[PDB]
Amino acid sequence: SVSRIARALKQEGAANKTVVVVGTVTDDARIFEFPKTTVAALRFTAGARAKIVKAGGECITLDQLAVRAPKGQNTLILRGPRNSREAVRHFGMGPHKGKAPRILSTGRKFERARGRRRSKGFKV
Amino acid sequence: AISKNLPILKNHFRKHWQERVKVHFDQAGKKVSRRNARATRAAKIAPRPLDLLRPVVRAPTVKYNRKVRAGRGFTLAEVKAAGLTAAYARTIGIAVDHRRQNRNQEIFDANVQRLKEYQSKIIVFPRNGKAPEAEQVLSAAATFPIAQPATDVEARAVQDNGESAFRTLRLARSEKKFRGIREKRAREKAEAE
Amino acid sequence: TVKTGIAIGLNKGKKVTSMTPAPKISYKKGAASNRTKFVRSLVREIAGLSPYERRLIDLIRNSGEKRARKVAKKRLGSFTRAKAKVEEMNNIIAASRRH
Amino acid sequence: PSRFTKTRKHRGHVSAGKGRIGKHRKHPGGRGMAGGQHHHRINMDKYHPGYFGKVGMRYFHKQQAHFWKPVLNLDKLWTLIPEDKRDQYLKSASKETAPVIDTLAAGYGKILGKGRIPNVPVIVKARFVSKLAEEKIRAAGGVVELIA
Amino acid sequence: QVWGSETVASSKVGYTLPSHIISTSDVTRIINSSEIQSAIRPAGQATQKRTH
RNA sequence: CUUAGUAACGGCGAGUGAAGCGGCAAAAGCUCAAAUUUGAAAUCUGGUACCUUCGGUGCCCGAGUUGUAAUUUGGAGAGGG
RNA sequence: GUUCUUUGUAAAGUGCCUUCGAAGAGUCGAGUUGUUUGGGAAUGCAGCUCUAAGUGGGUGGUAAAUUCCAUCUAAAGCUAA
RNA sequence: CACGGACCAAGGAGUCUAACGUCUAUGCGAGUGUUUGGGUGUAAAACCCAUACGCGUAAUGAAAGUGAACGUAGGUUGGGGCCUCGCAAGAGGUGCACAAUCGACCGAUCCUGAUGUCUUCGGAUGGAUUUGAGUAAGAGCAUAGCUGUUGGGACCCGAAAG
RNA sequence: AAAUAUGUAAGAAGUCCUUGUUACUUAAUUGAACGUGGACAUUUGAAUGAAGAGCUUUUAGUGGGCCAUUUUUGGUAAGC
Ligand SMILES: [Mg+2]
Ligand SMILES: [Mg+2]
Ligand SMILES: [Mg+2]
Ligand SMILES: [Mg+2]
Ligand SMILES: [Mg+2]
Ligand SMILES: [Mg+2]
Ligand SMILES: [Mg+2]
Ligand SMILES: [Mg+2]
Ligand SMILES: [Mg+2]
Ligand SMILES: [Mg+2]
Ligand SMILES: [Mg+2]
Ligand SMILES: [Mg+2]
Ligand SMILES: [Mg+2]
Ligand SMILES: [Mg+2]
Ligand SMILES: [Mg+2]
Ligand SMILES: [Mg+2]
Ligand SMILES: [Mg+2]
Ligand SMILES: [Mg+2]
Ligand SMILES: [Mg+2]
């Protein structure tokens with residue numbers, strides 16, 4: 001996210017470091033201010049490129065990053081949150097684990113009786 | 001039968017289902033024939049449009065009652081208000097619906113103007129059959145589009161009375177909930193001397 | 001009743017100005033009329049009472065109107081028609097026999 | 001396509017990758033969901049706890065329409081104004097002219113209060129609100145209005 | 001008018017031409033610049049000489 | 001198309017299972033009964049002559065008041081003024 | 001599109017004010033038995049027993065009593081896409 | 001000294017579909033999906049497209065309901081990479097993902113009952129070896145392919161029966 | 001009361017000083033648990049070794065076994 005870049009630049013000392021992301025960069029509509037800065041990445045969304053240039057910044061390709069900074073200096077690498085993905089909710093499903101079943105339709109009468117309560121036999 | 005950690009599926013195919021499969025191969029042709037029907041129909045009828053002029057209606061339910069949408073026909077009040085007979089209306093491309101009624105004013109106001117506009121922008125020929133030239137416009141619905149009524153304005157001042165909204169919506173429930181229980185007290189306490 | 005203007009409450013809805021249109025004729029279907037009154041009045045005196053209606057006036061005359069309803073509910077289908085029929089039989093006893 | 005499938009590789013190998021001892025027989029364990037309380041009860045406890053039994057009240061002739069109430073947080077809130085008009089109202093605001101935000105016309109039933117808005121007066125028209133979301137709009141300068 | 005540029009719109013409801021993951025198609029032009037060459041340490045010897 | 005493998009049914013097990021709203025294709029409305037023509041059965045099949053023959057005109061039987069035409073169908077409507 | 005034919009003291013529509021407004025029964029509905037439905041103190045259908053009303057009648061997906069409110073007009077019928 | 005095989009040619013067996021899991025590739029990205037239909041066409045192709053509808057952006061509770069910042073979106077311990085000093089060895093500064101740990105917030109349950117109050121409605125404040133498929137600077141949607149799952153004649157041939 | 005087989009320890013996530021935090025604990029700011037600051041470094045605390053250490057997802061076949069040295073129960077014994 002473009003906010004996740006901003007929170008990395010609020011850090012002490014890291015005002016003027018060319019942030020680097022090997023992946024997509026996405027826009028956010030939950031921030032009403034955003035600093036200047038120079039981002040370097042594979043891809044930008046139409047909204048993220050627009051938000052960076054509107055704040056007087058510059059979107060840079062990874063080959064231009066190599067020309068400006070050959071040994072990689074004054075740089076700050078960022079990585080998106082891997083476990084946030086929905087697939088890993090389900091990994092490790094067993095008893096007393098708190099892990100979500102693989103299930104299409106929800107609501108009561110879709111896995112809430114004999115197994116998830118005292119009143120119906122036992123809890124897990 | 002059951003194995004692994006997969007989800008529980010419900011695929012209904014224990015009946016003789018392969019006897020009743022339909023595959024829409026005709027999709028591409030039915031379009032062309034459906035377009036031939038519209039070109040045929042516009043010949044034999046000639047300068048008239050392909051559709052009747054419909055009214056504006058407000059949709060039902062708590063979900064959709066923001067929208068405005070085309071209804072079936074006008075109403076024997078709305079046909080008369082514009083100044084024409086229910087029998088004569090149908091003959092000039094208007095849809096008259098007998099079974100709707102009018103409880104709302106803001107729509108009734110719209111529908112009269114909607115007819116008033118239409119009634120001005122046509123050319124009714126005499127039965128003699130001299131026929132002055134004109135050429136058809138296929139869609140009335142295109143010519144008289146259903147406008148979407150912008151209710152509120154953009155820039156306004158800030159009024160503050162101070163009952164917190166959330167307090168209103170809780171007292172609204174709390175009053176509703178305890179009506180009959182207070183009626184039962186008020187009716188007994190009044191009659192008991 | 002008048003709508004309040006909020007999403008929940010006793011009079012739930014939105015304030016809009018009304019029309020109150022003309023009343024339909026189809027709503028007045030049950031209504032009697034003079035031709036039916038004379039007709040139904042003239043057919044009753046010819047035909048006379050049925051077999052259960054010779055036991056129905058005897059249960060009012062002897063026992064009472066609680067016992068009469070119980071039979072008229074079992075003879076007819078429903079409790080609301082058994083109210084009516086018993087009331088019709090308190091006029092057949094009143095108008096004919098006494099006066 | 002068929003030329004990438006593993007049945008091409010098994011050509012010339014007797015058992016087709018199914019085994020000599022066990023083999024591939026018709027429906028060994030049972031068809032479908034059979035023996036879920038008997039000979040498959042370990043798979044159904046872990047993976048599907050809760051399955052058997054029943055719980056709450058019934059509801060005859062329910063309607064997905066009566067329960068339509070799609071929520072909106074205070075984070076989004078400003079996204080309901082068009083993008084050209086957005087910077088005008090943000091920079092230099094006052095009580096004379098605030099923007100009206102019709103949330104029902106945009107398609108939302110309730111205004112929840114998830115996290116933080118800029119200090120600018122607004123007007124919010126909504127069917128429902130929560131207690132906390134009303135406090136933040138008051139705090140900034142704006143108000144709420146109830147409708148149907 | 002039909003495909004669009006940075007100047008004119010597009011004539012397709014919600015469309016713009018796609019961007020590049022690399023600005024310069026030529027690689028060896030980048031490597032033989034200067035800013036790289038200063039940072040690059042000296043070369044080896046193509047194909048080795050077999051000791052022992 | 002969607003609602004929806006959903007609300008519900010079911011040794012509540014295996015299994016089964018629609019409907020309103022919304023978007024589209026297509027759009028077209030109407031007819032008897034129940035009323036005194038009563039200052040004139042105003043209606044009708046057939047037969048028998050003639051004609052401009054998917055039928056028209058004139059006689060004669062017959063059907064029909066235990067009701068054939070006209071007027072009206074609830075969105076109304078009719079008699080009176 | 002062109003040129004001979006006028007059926008009519010015939011037929012139809014609308015404004016205003018009164019007195020009126022005919023509306024389908026061994027049916028609706030109820031009990032019981034069988035079947036059927038997703039329809040659960042009974043979704044439809046059919047047998048037998050009972051059997052209405054006219055400010056009435058049906059409907060308002062939990063049985064019943066009492067009071068309200070809304071919506072339709074059943075037990076007769078035709079009709080392209 | 002268990003069963004099939006005298007010989008030769010041709011045929012002869014894990015398929016297609018509806019709905020799904022993990023992994024991979026491509027498009028766009030808080031959105032995404034043109035093909036129900038319309039427009040157009042060199043006519044089953046290609047091209048364009050309005051509104052809705054899914055799935056996602058919020059959970060929780062049998063329900064009525066209620067609905068996610070005490071703080072630089074917290075502290076603590078690790079932590080790639082970067083910056084400062086240094087000839088190097090090393091020392092400080094800040095530290096994205098991810099891992100362990102003590103707290104706050106949302107809904108359920110149990111407990112406390114403040115200003116008020118159509119005298120029985122309202123539920124402020126503060127908790128508790130409880131409880132969730134939750135929040136805490138969003139990650140999904142469509143299409144495509146291997147392997148796996150269930151219904152189907154379901155890898156091919158085989159009953160006694162009804 | 002053996003032999004063979006078996007649990008734990010041989011340090012940095014450590015040791016020592018300095019005096020903070022608490023609704024727990026004490027007659028007592030005494031203790032307890034986690035801390036700030038300071039002191040202690042590659043003989044950093046037995047041997048030998050280390051084609052790296054750790055973590056996740058997913059899926060096949062299998063669920064008739066048999067033999068040999070020593071210990072052994074049933075049985076007179078057995079290719080039991
Ligand atoms: Mg092999
Ligand atoms: Mg072989
Ligand atoms: Mg097997
Ligand atoms: Mg779904
Ligand atoms: Mg059933
Ligand atoms: Mg049943
Ligand atoms: Mg069935
Ligand atoms: Mg009728
Ligand atoms: Mg019956
Ligand atoms: Mg059945
Ligand atoms: Mg028919
Ligand atoms: Mg054999
Ligand atoms: Mg042989
Ligand atoms: Mg061959
Ligand atoms: Mg299959
Ligand atoms: Mg066979
Ligand atoms: Mg049998
Ligand atoms: Mg076994
Ligand atoms: Mg075996």
# chains A, B, ... in the order shown; residues from 1 in each chain; ligands from 1
call {"tool": "residues_near_ligand", "arguments": {"ligand": "ligand 3", "cutoff": "7 Å", "atoms": "only C-alpha atoms (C1' of nucleotides) and all ligand atoms", "output": "number ranges by chain"}}
result
D: 22-24
call {"tool": "residues_around", "arguments": {"residues": "residue I:56", "least_positions_apart": "4", "cutoff": "12 Å", "atoms": "only C-alpha atoms (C1' of nucleotides)", "output": "ChimeraX atom specification"}}
result
/A:83,88,91-92 /H:22
call {"tool": "residues_near_ligand", "arguments": {"ligand": "ligand 5", "cutoff": "10 Å", "atoms": "only C-alpha atoms (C1' of nucleotides) and all ligand atoms", "output": "PyMOL selection string"}}
result
(chain F and resi 8-10+16-17) or (chain G and resi 36-39+43)
call {"tool": "residues_near_ligand", "arguments": {"ligand": "ligand 9", "cutoff": "12 Å", "atoms": "only C-alpha atoms (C1' of nucleotides) and all ligand atoms", "output": "ChimeraX atom specification"}}
result
/G:29-34,42,44-50
call {"tool": "interface_residues", "arguments": {"of": "chain G", "to": "chain B", "cutoff": "12 Å", "atoms": "only C-alpha atoms (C1' of nucleotides)", "output": "PyMOL selection string"}}
result
chain G and resi 1+13-14+72+81
call {"tool": "write_last_selection", "arguments": {"atoms": "N, CA and C atoms (P, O5', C5', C4', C3', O3' and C1' of nucleotides)", "output": "PDB file, in the first residue's frame"}}
result
ATOM      1  P     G G   1     -50.671   7.199 -50.190  1.00  0.00           P
ATOM      2  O5'   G G   1     -50.495   7.141 -51.774  1.00  0.00           O
ATOM      3  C5'   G G   1     -51.463   7.759 -52.650  1.00  0.00           C
ATOM      4  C4'   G G   1     -51.109   7.511 -54.099  1.00  0.00           C
ATOM      5  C3'   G G   1     -52.179   7.893 -55.116  1.00  0.00           C
ATOM      6  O3'   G G   1     -52.087   9.257 -55.519  1.00  0.00           O
ATOM      7  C1'   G G   1     -51.493   5.670 -55.511  1.00  0.00           C
ATOM      8  P     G G  13     -70.500   5.666 -26.354  1.00  0.00           P
ATOM      9  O5'   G G  13     -69.531   6.917 -26.183  1.00  0.00           O
ATOM     10  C5'   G G  13     -68.103   6.750 -26.225  1.00  0.00           C
ATOM     11  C4'   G G  13     -67.414   8.087 -26.355  1.00  0.00           C
ATOM     12  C3'   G G  13     -67.604   9.057 -25.200  1.00  0.00           C
ATOM     13  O3'   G G  13     -66.737   8.737 -24.113  1.00  0.00           O
ATOM     14  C1'   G G  13     -67.856  10.202 -27.263  1.00  0.00           C
ATOM     15  P     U G  14     -67.285   8.725 -22.603  1.00  0.00           P
ATOM     16  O5'   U G  14     -67.251  10.262 -22.194  1.00  0.00           O
ATOM     17  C5'   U G  14     -66.003  10.924 -21.927  1.00  0.00           C
ATOM     18  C4'   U G  14     -66.165  12.421 -22.047  1.00  0.00           C
ATOM     19  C3'   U G  14     -66.995  13.092 -20.964  1.00  0.00           C
ATOM     20  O3'   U G  14     -66.213  13.333 -19.796  1.00  0.00           O
ATOM     21  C1'   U G  14     -67.599  13.935 -23.108  1.00  0.00           C
ATOM     22  P     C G  72     -55.449  -3.950  -4.451  1.00  0.00           P
ATOM     23  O5'   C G  72     -55.835  -5.108  -5.479  1.00  0.00           O
ATOM     24  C5'   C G  72     -57.173  -5.645  -5.574  1.00  0.00           C
ATOM     25  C4'   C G  72     -57.161  -7.140  -5.379  1.00  0.00           C
ATOM     26  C3'   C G  72     -58.423  -7.856  -5.826  1.00  0.00           C
ATOM     27  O3'   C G  72     -58.383  -8.195  -7.217  1.00  0.00           O
ATOM     28  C1'   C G  72     -57.921  -8.486  -3.596  1.00  0.00           C
ATOM     29  P     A G  81     -47.833 -16.666 -31.741  1.00  0.00           P
ATOM     30  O5'   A G  81     -47.006 -15.439 -31.157  1.00  0.00           O
ATOM     31  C5'   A G  81     -46.376 -14.478 -32.021  1.00  0.00           C
ATOM     32  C4'   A G  81     -45.589 -13.494 -31.193  1.00  0.00           C
ATOM     33  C3'   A G  81     -44.571 -14.112 -30.243  1.00  0.00           C
ATOM     34  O3'   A G  81     -43.384 -14.474 -30.964  1.00  0.00           O
ATOM     35  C1'   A G  81     -45.828 -12.447 -29.097  1.00  0.00           C
TER      36        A G  81
END
call {"tool": "residues_around", "arguments": {"residues": "residue C:11", "least_positions_apart": "3", "cutoff": "10 Å", "atoms": "only C-alpha atoms (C1' of nucleotides)", "output": "number ranges by chain"}}
result
B: 172, 176; C: 1-8, 14
call {"tool": "write_last_selection", "arguments": {"atoms": "N, CA and C atoms", "output": "tab-separated table (two decimals), in the first residue's frame"}}
result
chain	number	residue	atom	x	y	z
B	172	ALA	N	-36.91	5.21	19.83
B	172	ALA	CA	-37.91	4.77	18.83
B	172	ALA	C	-38.25	3.29	18.99
B	176	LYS	N	-41.78	1.66	20.75
B	176	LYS	CA	-42.49	0.63	19.98
B	176	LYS	C	-42.65	-0.65	20.79
C	1	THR	N	-52.74	8.46	9.93
C	1	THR	CA	-51.66	8.03	10.87
C	1	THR	C	-50.44	8.96	10.84
C	2	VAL	N	-50.02	9.35	9.63
C	2	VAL	CA	-48.88	10.27	9.39
C	2	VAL	C	-47.52	9.63	9.70
C	3	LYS	N	-46.63	9.63	8.70
C	3	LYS	CA	-45.31	8.99	8.82
C	3	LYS	C	-44.32	9.88	9.57
C	4	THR	N	-43.45	9.26	10.38
C	4	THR	CA	-42.52	9.99	11.25
C	4	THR	C	-41.35	10.61	10.49
C	5	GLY	N	-40.75	9.85	9.58
C	5	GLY	CA	-39.57	10.30	8.81
C	5	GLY	C	-38.25	9.60	9.15
C	6	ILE	N	-38.25	8.80	10.22
C	6	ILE	CA	-37.08	7.98	10.62
C	6	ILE	C	-37.23	6.52	10.19
C	7	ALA	N	-36.15	5.75	10.29
C	7	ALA	CA	-36.08	4.38	9.77
C	7	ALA	C	-36.82	3.33	10.61
C	8	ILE	N	-36.97	3.57	11.92
C	8	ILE	CA	-37.70	2.66	12.82
C	8	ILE	C	-38.56	3.42	13.80
C	14	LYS	N	-41.56	7.60	5.42
C	14	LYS	CA	-41.14	8.89	4.88
C	14	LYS	C	-42.35	9.80	4.63
call {"tool": "residues_near_ligand", "arguments": {"ligand": "ligand 18", "cutoff": "12 Å", "atoms": "only C-alpha atoms (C1' of nucleotides) and all ligand atoms", "output": "VMD selection string"}}
result
(chain D and resid 39) or (chain I and resid 62 to 64)
call {"tool": "residues_near_ligand", "arguments": {"ligand": "ligand 4", "cutoff": "10 Å", "atoms": "only C-alpha atoms (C1' of nucleotides) and all ligand atoms", "output": "PyMOL selection string"}}
result
(chain A and resi 104-105) or (chain F and resi 3-6) or (chain H and resi 54-55)
call {"tool": "residues_around", "arguments": {"residues": "residue F:68", "least_positions_apart": "6", "cutoff": "8 Å", "atoms": "only C-alpha atoms (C1' of nucleotides)", "output": "list in words"}}
result
residues 41, 43 and 44 of chain F
call {"tool": "residues_around", "arguments": {"residues": "stretch 81-85 of chain D", "least_positions_apart": "4", "cutoff": "12 Å", "atoms": "only C-alpha atoms (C1' of nucleotides)", "output": "PDB file with N, CA and C atoms, in the first residue's frame"}}
result
ATOM      1  N   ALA A  29      -7.268   5.140   0.033  1.00  0.00           N
ATOM      2  CA  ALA A  29      -8.197   6.251   0.246  1.00  0.00           C
ATOM      3  C   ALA A  29      -8.480   6.499   1.735  1.00  0.00           C
ATOM      4  N   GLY A  47      -4.106   4.719  -9.761  1.00  0.00           N
ATOM      5  CA  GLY A  47      -4.339   5.523  -8.565  1.00  0.00           C
ATOM      6  C   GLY A  47      -3.102   5.830  -7.738  1.00  0.00           C
TER       7      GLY A  47
ATOM      8  N   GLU B 154     -26.267  20.186  -2.851  1.00  0.00           N
ATOM      9  CA  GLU B 154     -24.860  19.911  -2.509  1.00  0.00           C
ATOM     10  C   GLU B 154     -24.341  20.664  -1.279  1.00  0.00           C
ATOM     11  N   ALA B 155     -24.428  21.992  -1.322  1.00  0.00           N
ATOM     12  CA  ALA B 155     -23.897  22.860  -0.267  1.00  0.00           C
ATOM     13  C   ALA B 155     -25.019  23.364   0.637  1.00  0.00           C
TER      14      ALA B 155
ATOM     15  N   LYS D  76     -13.866   5.258   4.693  1.00  0.00           N
ATOM     16  CA  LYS D  76     -14.330   5.440   3.318  1.00  0.00           C
ATOM     17  C   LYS D  76     -14.994   6.797   3.164  1.00  0.00           C
ATOM     18  N   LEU D  77     -16.016   7.043   3.986  1.00  0.00           N
ATOM     19  CA  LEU D  77     -16.836   8.272   4.010  1.00  0.00           C
ATOM     20  C   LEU D  77     -16.621   9.308   2.890  1.00  0.00           C
ATOM     21  N   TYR D  89     -13.722  21.101  -0.955  1.00  0.00           N
ATOM     22  CA  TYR D  89     -14.350  21.013   0.370  1.00  0.00           C
ATOM     23  C   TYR D  89     -13.351  20.750   1.498  1.00  0.00           C
ATOM     24  N   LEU D  90     -12.297  19.986   1.206  1.00  0.00           N
ATOM     25  CA  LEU D  90     -11.234  19.707   2.188  1.00  0.00           C
ATOM     26  C   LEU D  90     -10.524  20.979   2.646  1.00  0.00           C
ATOM     27  N   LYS D  91      -9.961  21.703   1.685  1.00  0.00           N
ATOM     28  CA  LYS D  91      -9.151  22.882   1.972  1.00  0.00           C
ATOM     29  C   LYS D  91     -10.046  24.089   2.244  1.00  0.00           C
ATOM     30  N   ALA D  98     -21.222  23.180   3.752  1.00  0.00           N
ATOM     31  CA  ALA D  98     -20.643  21.850   3.910  1.00  0.00           C
ATOM     32  C   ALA D  98     -21.222  20.922   2.835  1.00  0.00           C
ATOM     33  N   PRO D  99     -20.497  19.841   2.491  1.00  0.00           N
ATOM     34  CA  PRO D  99     -21.026  18.874   1.526  1.00  0.00           C
ATOM     35  C   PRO D  99     -22.048  17.912   2.137  1.00  0.00           C
ATOM     36  N   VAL D 100     -23.162  17.711   1.436  1.00  0.00           N
ATOM     37  CA  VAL D 100     -24.135  16.688   1.794  1.00  0.00           C
ATOM     38  C   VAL D 100     -23.638  15.370   1.211  1.00  0.00           C
ATOM     39  N   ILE D 101     -23.728  14.303   2.004  1.00  0.00           N
ATOM     40  CA  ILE D 101     -23.338  12.961   1.574  1.00  0.00           C
ATOM     41  C   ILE D 101     -24.524  12.009   1.780  1.00  0.00           C
ATOM     42  N   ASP D 102     -25.269  11.754   0.702  1.00  0.00           N
ATOM     43  CA  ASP D 102     -26.410  10.843   0.741  1.00  0.00           C
ATOM     44  C   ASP D 102     -25.890   9.405   0.672  1.00  0.00           C
ATOM     45  N   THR D 103     -25.926   8.714   1.810  1.00  0.00           N
ATOM     46  CA  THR D 103     -25.385   7.354   1.924  1.00  0.00           C
ATOM     47  C   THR D 103     -26.353   6.279   1.419  1.00  0.00           C
ATOM     48  N   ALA D 105     -28.522   6.883  -1.129  1.00  0.00           N
ATOM     49  CA  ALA D 105     -28.407   7.032  -2.586  1.00  0.00           C
ATOM     50  C   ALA D 105     -27.145   6.381  -3.169  1.00  0.00           C
ATOM     51  N   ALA D 106     -26.073   6.320  -2.376  1.00  0.00           N
ATOM     52  CA  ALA D 106     -24.841   5.595  -2.745  1.00  0.00           C
ATOM     53  C   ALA D 106     -24.908   4.086  -2.456  1.00  0.00           C
ATOM     54  N   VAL D 122     -19.097  18.247   7.908  1.00  0.00           N
ATOM     55  CA  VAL D 122     -19.841  17.549   6.850  1.00  0.00           C
ATOM     56  C   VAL D 122     -21.293  17.333   7.276  1.00  0.00           C
ATOM     57  N   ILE D 123     -22.129  16.888   6.342  1.00  0.00           N
ATOM     58  CA  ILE D 123     -23.485  16.446   6.664  1.00  0.00           C
ATOM     59  C   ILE D 123     -23.641  15.021   6.151  1.00  0.00           C
ATOM     60  N   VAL D 124     -24.163  14.149   7.010  1.00  0.00           N
ATOM     61  CA  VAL D 124     -24.288  12.730   6.717  1.00  0.00           C
ATOM     62  C   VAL D 124     -25.751  12.320   6.866  1.00  0.00           C
TER      63      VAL D 124
END
call {"tool": "residues_near_ligand", "arguments": {"ligand": "ligand 8", "cutoff": "7 Å", "atoms": "only C-alpha atoms (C1' of nucleotides) and all ligand atoms", "output": "list in words"}}
result
residues 23, 24, 73 and 74 of chain G
call {"tool": "write_last_selection", "arguments": {"atoms": "N, CA, C and O atoms (P, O5', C5', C4', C3', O3' and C1' of nucleotides)", "output": "PDB file, in the first residue's frame"}}
result
ATOM      1  P     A G  23     -76.886  -9.694  -6.664  1.00  0.00           P
ATOM      2  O5'   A G  23     -75.687  -9.863  -7.698  1.00  0.00           O
ATOM      3  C5'   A G  23     -75.347 -11.149  -8.242  1.00  0.00           C
ATOM      4  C4'   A G  23     -74.070 -11.063  -9.043  1.00  0.00           C
ATOM      5  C3'   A G  23     -72.801 -11.481  -8.308  1.00  0.00           C
ATOM      6  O3'   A G  23     -72.625 -12.889  -8.431  1.00  0.00           O
ATOM      7  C1'   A G  23     -72.455  -9.412  -9.418  1.00  0.00           C
ATOM      8  P     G G  24     -72.436 -13.799  -7.130  1.00  0.00           P
ATOM      9  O5'   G G  24     -72.652 -15.270  -7.703  1.00  0.00           O
ATOM     10  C5'   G G  24     -73.968 -15.776  -7.996  1.00  0.00           C
ATOM     11  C4'   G G  24     -73.879 -17.016  -8.855  1.00  0.00           C
ATOM     12  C3'   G G  24     -72.976 -18.130  -8.335  1.00  0.00           C
ATOM     13  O3'   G G  24     -73.531 -19.426  -8.553  1.00  0.00           O
ATOM     14  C1'   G G  24     -72.116 -17.257 -10.393  1.00  0.00           C
ATOM     15  P     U G  73     -59.705  -8.029  -8.133  1.00  0.00           P
ATOM     16  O5'   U G  73     -60.750  -9.021  -7.449  1.00  0.00           O
ATOM     17  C5'   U G  73     -60.871 -10.405  -7.839  1.00  0.00           C
ATOM     18  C4'   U G  73     -62.132 -11.010  -7.261  1.00  0.00           C
ATOM     19  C3'   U G  73     -63.428 -10.644  -7.992  1.00  0.00           C
ATOM     20  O3'   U G  73     -64.438 -11.659  -7.941  1.00  0.00           O
ATOM     21  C1'   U G  73     -63.566  -9.908  -5.778  1.00  0.00           C
ATOM     22  P     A G  74     -64.526 -12.817  -9.061  1.00  0.00           P
ATOM     23  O5'   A G  74     -64.026 -14.097  -8.259  1.00  0.00           O
ATOM     24  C5'   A G  74     -62.848 -14.839  -8.641  1.00  0.00           C
ATOM     25  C4'   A G  74     -62.846 -16.169  -7.930  1.00  0.00           C
ATOM     26  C3'   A G  74     -63.957 -17.126  -8.354  1.00  0.00           C
ATOM     27  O3'   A G  74     -63.576 -17.855  -9.523  1.00  0.00           O
ATOM     28  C1'   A G  74     -63.827 -17.021  -5.980  1.00  0.00           C
TER      29        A G  74
END
call {"tool": "residues_near_ligand", "arguments": {"ligand": "ligand 11", "cutoff": "10 Å", "atoms": "only C-alpha atoms (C1' of nucleotides) and all ligand atoms", "output": "list in words"}}
result
residues 77, 78 and 79 of chain G
call {"tool": "write_last_selection", "arguments": {"atoms": "N, CA, C and O atoms (P, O5', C5', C4', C3', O3' and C1' of nucleotides)", "output": "PDB file, in the first residue's frame"}}
result
ATOM      1  P     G G  77     -65.121 -21.694 -16.907  1.00  0.00           P
ATOM      2  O5'   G G  77     -65.311 -20.698 -18.133  1.00  0.00           O
ATOM      3  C5'   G G  77     -65.847 -21.184 -19.373  1.00  0.00           C
ATOM      4  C4'   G G  77     -65.793 -20.112 -20.430  1.00  0.00           C
ATOM      5  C3'   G G  77     -64.419 -19.767 -20.981  1.00  0.00           C
ATOM      6  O3'   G G  77     -63.894 -20.687 -21.938  1.00  0.00           O
ATOM      7  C1'   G G  77     -65.652 -17.786 -20.573  1.00  0.00           C
ATOM      8  P     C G  78     -62.335 -20.619 -22.346  1.00  0.00           P
ATOM      9  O5'   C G  78     -62.291 -19.430 -23.406  1.00  0.00           O
ATOM     10  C5'   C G  78     -62.613 -19.642 -24.794  1.00  0.00           C
ATOM     11  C4'   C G  78     -62.406 -18.373 -25.596  1.00  0.00           C
ATOM     12  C3'   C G  78     -60.975 -18.069 -26.008  1.00  0.00           C
ATOM     13  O3'   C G  78     -60.593 -18.761 -27.188  1.00  0.00           O
ATOM     14  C1'   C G  78     -61.983 -16.105 -25.154  1.00  0.00           C
ATOM     15  P     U G  79     -59.093 -19.273 -27.359  1.00  0.00           P
ATOM     16  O5'   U G  79     -58.263 -17.921 -27.449  1.00  0.00           O
ATOM     17  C5'   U G  79     -58.337 -17.105 -28.621  1.00  0.00           C
ATOM     18  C4'   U G  79     -57.611 -15.802 -28.390  1.00  0.00           C
ATOM     19  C3'   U G  79     -56.125 -15.908 -28.107  1.00  0.00           C
ATOM     20  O3'   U G  79     -55.440 -16.114 -29.330  1.00  0.00           O
ATOM     21  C1'   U G  79     -57.112 -14.293 -26.677  1.00  0.00           C
TER      22        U G  79
END
call {"tool": "closest_atom_pairs", "arguments": {"of": "chain C", "to": "chain B", "cutoff": "9 Å", "atoms": "only C-alpha atoms", "output": "JSON lines"}}
result
{"residue": "C:6", "atom": "CA", "partner": "B:169", "partner_atom": "CA", "distance": 8.1}
{"residue": "C:7", "atom": "CA", "partner": "B:169", "partner_atom": "CA", "distance": 8.1}
{"residue": "C:8", "atom": "CA", "partner": "B:172", "partner_atom": "CA", "distance": 6.4}
{"residue": "C:9", "atom": "CA", "partner": "B:172", "partner_atom": "CA", "distance": 4.7}
{"residue": "C:10", "atom": "CA", "partner": "B:176", "partner_atom": "CA", "distance": 5.3}
{"residue": "C:16", "atom": "CA", "partner": "B:104", "partner_atom": "CA", "distance": 7.1}
{"residue": "C:17", "atom": "CA", "partner": "B:105", "partner_atom": "CA", "distance": 5.9}
{"residue": "C:18", "atom": "CA", "partner": "B:104", "partner_atom": "CA", "distance": 5.3}
{"residue": "C:19", "atom": "CA", "partner": "B:103", "partner_atom": "CA", "distance": 5.3}
{"residue": "C:20", "atom": "CA", "partner": "B:103", "partner_atom": "CA", "distance": 5.7}
{"residue": "C:21", "atom": "CA", "partner": "B:102", "partner_atom": "CA", "distance": 6.1}
{"residue": "C:22", "atom": "CA", "partner": "B:101", "partner_atom": "CA", "distance": 8.9}
